[PDB]
């Protein structure tokens, strides 16, 4: 089952796609879209999480807007990260509050909420950023190929374990930037594992983009990601 949510809470508009497991009362994963916005591929990822026993909320951070080309997509992303960052923070916070009020993410085995977050591209940046901002709320973070140069990621504040996925030939994220993030995690004692796949580009997980998709590593990284989310959230 997947449903479109749209409602107001604490003065902000929450919208996105919620995939729910069959019967399983599982953990929750927040899934953050790329710079194109909340498109079908992201909803598909949410469905895939639900088939593994997780509630998955593909939150819309673009207020219903999507882009099909880099120029418009870059404008939406720069607006989100550079002008509406406070608002996006408030949407994340209100979403978390909403799910907890509805018992979504409550895990019987531990008698507590277990909430993860993952995202791709700008959604990877957001995973890091929000994971630091809301460090009491998340039990696992899985940022895929986010930029570290767009917004200040406060590595000192992160409390969750992190699975950080990167592409070896990423045209947007130099390896030097990945190295700097590793050194910050070393410095602050962040339990971050960095996975760097040789020879693939940015967005290699996106099966709808044949110019960058890599099947071998997309299958590999999905296996690793589900294992990691299960380890920390169930």
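Residue numbers count along the first chain shown, from 1.
Mean Cα B-factor comparison, 62-70 or 185-193, giving the higher one as deposited: For C-alpha atoms only, the mean B-factor is higher in 62-70.
Is the mean CA B factor in the deposited entry higher across 111-119 or across 152-160? The recorded data point to 152-160.
Could you say which of 205, 172, 57, 54 has its CA atom at the highest B factor, as listed in the PDB entry? Answer, based on the entry's C-alpha B-factors: 172.
Could you tell me which one of 19, 12, 226, 218 shows the highest CA temperature factor in the PDB record? The listed residue with the largest C-alpha B-factor is 12.
Relative C-alpha B-factor of residue 78, binned into the chain's lowest, middle or highest third: As the PDB entry reports it, the C-alpha B-factor of residue 78 lands in the highest third of its chain.
Sort the modelled residues of this chain by their C-alpha B factor and say whether residue 180 lands in the lowest, middle or highest third. According to the entry, residue 180 has a C-alpha B-factor in the chain's highest third.
Once the chain's modelled residues are ordered by C-alpha B factor and cut into thirds, is residue 3 in the lowest, middle or highest one? Ranked within chain, residue 3 CA B lands in the highest tercile.
Name the third of the chain's ranked CA B-factors that contains residue 26, choosing lowest, middle or highest. CA B-factor rank for residue 26: highest third.
Place residue 86 in the lowest, middle or highest third of its chain's C-alpha B-factors, as listed in the PDB entry. Its C-alpha B-factor, which the entry lists for residue 86, ranks in the highest third among residues of this chain.
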